[PDB]
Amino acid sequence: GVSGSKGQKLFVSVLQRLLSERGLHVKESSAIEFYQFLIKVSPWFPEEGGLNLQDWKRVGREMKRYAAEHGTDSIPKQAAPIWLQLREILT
């Protein structure tokens, strides 16, 4: 399998359950944009990471480095909001 969208539908489905139980809703295309950004910046996360603060704080650091190095317009507008909400959910 060499699909470009591996894990995408699972990620979207999980993201959408976690966010919807806090009253927030992301468009599918936007959820997919975020996922592609996450696996670009932090490909180790699905493989070795968990839904805990240490790992999610690391994903944050790595996304921030990416912004600093590439400018805040190669980044999806929804990346910081979604990251932030997941951080809080993990708290």
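Start at 1 with the first residue shown and count on from there.
For the two regions 68 to 76 and 7 to 15, the entry's Cα B-factors average higher over 68 to 76. In the deposited entry, the Cα temperature factor of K40 places it in the highest third of its chain's modelled residues. In this PDB entry, the Cα temperature factor of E28 sits in the middle third of its chain's modelled residues. In the deposited entry, the Cα temperature factor of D55 sits in the middle third of values across the chain's modelled residues.
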